[PDB]
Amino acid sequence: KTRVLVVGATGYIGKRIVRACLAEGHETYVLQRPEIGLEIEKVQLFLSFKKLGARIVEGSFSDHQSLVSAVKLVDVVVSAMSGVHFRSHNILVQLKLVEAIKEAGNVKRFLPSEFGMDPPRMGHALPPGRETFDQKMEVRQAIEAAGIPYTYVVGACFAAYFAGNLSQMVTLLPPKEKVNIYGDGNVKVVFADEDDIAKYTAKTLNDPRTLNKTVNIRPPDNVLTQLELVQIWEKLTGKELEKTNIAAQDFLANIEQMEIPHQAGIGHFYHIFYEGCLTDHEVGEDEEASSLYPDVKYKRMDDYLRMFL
């Protein structure tokens, strides 16, 4: 049994990773930080993990030796540290975890908080959205400068943020009548249910094939244009939506006058839906999750969207 510590265990993707690790059979440890306080939903998530068999490990990012003691207990560390401007964007806090892993010396593999666009490919990214990738790159550089073996999990839009809303911004539900189409809407995007992302992570974290590699989550039936996604919804509903195409220059108009988190979102949507950054390069079968783990029957977006009917 691989021993796994999840740091960020009550996070959006973090809690899914905890559950998927348990379902995979890993001996699953979860870091419980003392600053929780009155955050009742966090406390009760930890209780729910214990009932599923997770082991609680107490530690604080402000207490270096507590982090050393935590990672000494496991073979693999997975980090799901926050990385979204409108939530919190604390990627660089992981540098303390890396340093603890360095001193501990026993960790066979570290999966840092990636789970999105492939940061070394985003050097051209618009600020402040670029902060996400610069910060993940600083963490990558610290990992490699510490000699820590790694797997970087990248390449898919979380279905809840990009599919269930037909990719409309500042909402998480399909629009009732009108939808904005980015450009012509024929740029391929990668979509994945976050529980599948979690299961691929649980499967890849002790896979010799992915030691010191980037693992792409690119399930082929889930590579879709925004128009193709919208047409899935239109079939499910029996109603066509009124589509308005937004040219690039109009999408980015006056971006510098927006709130920073909205600026970051616009910049990211630009790279995904206008530049096609998730599909503008190809990846081999030996570095793509759905090929590596064909037993994962990943949820297709027609099934995903049916939840919203």
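Definition used throughout: the rigid core is the maximal C-alpha set that superposes within 1.5 Å between two forms. Residue numbers here begin at 1 and follow the sequence given.
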Of 164 to 172 and 107 to 115, the one with the larger RMS C-alpha deviation from the shown form in 6 other deposited structures of this protein, core-superposed, is 164 to 172
Between 177 to 185 and 88 to 96, the one drifting more in C-alpha RMS in 6 other deposited structures of this protein once the core is aligned is 88 to 96
Assert higher mean C-alpha B factor (163 to 171 or 123 to 131, deposited values) equals 123 to 131
Of 194 to 202 and 224 to 232, the stretch with the higher mean C-alpha B-factor in the deposited entry is 224 to 232
In this crystal structure's PDB entry, the residue among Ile266, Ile56, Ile272, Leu241 with the greatest CA B factor is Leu241
Assert third(CA B-factor, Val107) within chain per record equals middle
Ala247: CA temperature factor from the record, placed by chain third, in the highest
Entry-reported C-alpha B-factor of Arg300 relative to its chain, by third, is middle
So, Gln32's CA B-factor, relative to its chain, sits in which third? The middle
For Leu73, the third of its chain by CA B-factor is the highest
